[PDB]
């Protein structure tokens, strides 16, 4: 299991990485975001972490932009509460990486292109679909227009 640490408090992963509970406990993760509709909240019953589900699909019509602001709050609650946070979708990390790249665009002064390749460098498998990439490009233009 490889939980790519995009920041010190931010980890990107896939289906399997959220199951590696030993790994997550070493990283002091206390927050988890499941960006899928069908995967379970692994380790939910254990009472270990707080959870947030962004029920989305790796499709060309799925709107992740709606969840952008909702997930940013979960990440700033972790940073303000001094705890790690793992966002994971499935395999190709198309969905989960789009939200990560967007978190960097809103709070980090980075461009969409700069942030996209920052995450691409740490996790090479990142391949947000063009539907998600258009949202990311539109989120840049919005943010640049005082939005």
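Cβ: placed from backbone, ideal geometry, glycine included. Neighbour counts: every protein chain shown. Bear in mind these aren't lab numbers, they're just calculated from the coordinates by the rules spelled out.
What the table shows:
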| read-out | value |
| --- | --- |
| Relative contact order [Cα under 8 Å, 6+ residues apart], the range 48-120, whole percent | 25 |
| Radius of gyration, Dmax [the chain; alpha carbons; angstrom] | 14.2, 44 |
| The chain, relative contact order [Cα under 8 Å, separation at least 6], % | 28 |
| On Cα atoms only, tilt of 65-80 relative to the major axis of the chain in degrees | 50 |
| Kirkwood Rh in Å, taken over all unlike Cα pairs in the range 90-147 | 11.2 |
| Kirkwood-Stokes translational diffusion coefficient of the range 1-65, alpha-carbon pairs, 37 °C, 0.692 mPa s, µm²/s | 258 |
| FRET efficiency for residue 111 and residue 19, using Cβ-Cβ distance with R0 set to 30 Å, rounded to 0.05 | 0.30 |
| Degrees between helix 112-122 axis and first principal axis of the chain (Cα, 0 to 90, nearest 10) | 30 |
| Segment residue 118-residue 63, extension gain: residue separation times 0.36 nm, minus the distance between their alpha carbons | 17.5 nm |
| The chain: angle of helix 94-107 to the longest principal axis, Cα-based, in degrees nearest 10 | 70 |
| Relative pair counts by distance (%), Cα atoms of the range 60-105, 10 Å bins | 25, 56, 18, 2 |
| Antiparallel DSSP beta bridges within the chain, percent to nearest 5 | 15 |
